[PDB]
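First, one chain by itself: the form deposited in one PDB entry, in structure tokens.
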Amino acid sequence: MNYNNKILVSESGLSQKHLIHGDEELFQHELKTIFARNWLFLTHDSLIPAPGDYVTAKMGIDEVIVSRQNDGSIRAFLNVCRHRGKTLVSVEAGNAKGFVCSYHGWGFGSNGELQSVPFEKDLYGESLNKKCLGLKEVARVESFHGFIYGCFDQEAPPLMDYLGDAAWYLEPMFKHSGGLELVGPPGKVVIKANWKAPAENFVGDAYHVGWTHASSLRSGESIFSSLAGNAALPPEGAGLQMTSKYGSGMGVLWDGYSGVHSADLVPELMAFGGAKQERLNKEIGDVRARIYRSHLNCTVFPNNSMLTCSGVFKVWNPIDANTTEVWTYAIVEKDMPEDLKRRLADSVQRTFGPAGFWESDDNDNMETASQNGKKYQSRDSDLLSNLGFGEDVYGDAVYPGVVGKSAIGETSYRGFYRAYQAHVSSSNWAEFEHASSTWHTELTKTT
């Protein structure tokens, strides 16, 4: 396939070829143009708080060691020995000042340096230049209110610029709330779906909720219960959608602070969020303080998704075009009572974890949409994402980014796939930039 020429994504992101969810060759090309180029979620301050704390994370299909240094900074390294390529670390988290390869015993620091080699002096004498044999390092590591992202491409935009207009919507909860903490260990399950199926679902899909999640809505009695089985439509002005230059976007459901949690947790959550909203009105104004306690369904491009207020935090780790390893954490506001944090964390796993009754409703949707992209008569078919097109705006006085002023639409799909097509047909960030110079105009075109 010629990725320079092939139109995988039509103009304004209105449709995509179904083969994007199944073609193995394109998957291998995404490893170059998507996962080697873009910012990928690594960990949180709360998981590696002290010097020498480390976790292992995926970055695409590569695996990296993410380590808190003695000076408080964070560095991340390929989890691969510089001698004969063995995996250096085989646990998920720990604390150490160095990592010893169990093959020939080469000793690396927490700072990635090759510090010792067994019998160096008798074997290599002075020949071994240890300064050039440190662990391959992730070039860019940056934080967003404690959420740590990595990028292998040194030319990537700063993480804040990469979040673009989406950062404005996230900041009330991520920053003005006092800050979030990530609750580990994550649930981990493999689904037979492309990584883009869940990514698109979380970025912009409020349409599916009442139908796909009808049974979960009706059994649990959460605040959206009345949507079960499409019995009702969310009222005029129930929410909004947005998207941004580098692909991130989200839906906003006004006031839904208890999110998907069942009736048992609703009252405490609604009281906690209402009280904090009342204090934030004075710090950041009514609109931003209301965004804080509004449910955000977001995808941070390419493959990190979240539900603020529900507290679900997801990493769609790519294995091959029909295989994805799903990592599920909980995110909680640091100043909540510890007992409420625990219950919220359990509730996140109950709804969206490995035995999540909401997440399990989505499996067949994700897996068969993905597997149908390998089928001969569907490869060249068009997946549609035109709902709301012609009504999105840019430059609004209140809400930044390309915005669709209604709760249910496909604005965020269009911006996600516009950035995706610009990456896949570019060789580097400069070319992405050149291809994105009219991004908001292309997305608001008919408007």
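One rule holds for the numbers: they count along the sequence shown, beginning at 1.
Omitted here: the form solved in complex with a small molecule. The next part is about that form.
> Under a 4.5 angstroms heavy atom criterion, identify the one residue in 205, 181, 255, 171 near the small molecule in the bound PDB entry.
The option sitting close enough to the partner is 205.
> Have a look at 295, 196, 261, 245 for me and say which one sits with a heavy atom within 4.5 Å of the small molecule in the bound PDB entry.
Exactly one listed residue reaches within 4.5 Å, namely 295.
> Taking the partner as it appears in the bound PDB entry, which of 318 to 326, 140 to 148, 336 to 344, 206 to 214 has residues with heavy atoms within 4.5 Å of the small molecule?
It is the stretch 206 to 214.
> Decide whether residue 307 counts as a contact residue for the small molecule in the bound PDB entry under a heavy atom distance cut-off of 4.5 Å.
Residue-level check for residue 307: yes, a contact with the small molecule.
> Look up in the bound PDB entry whether residue 201 has a non-hydrogen atom within 4.5 angstroms of the small molecule, and give yes or no.
Because a heavy atom of residue 201 falls inside 4.5 Å of the small molecule in the bound PDB entry, the answer is yes.
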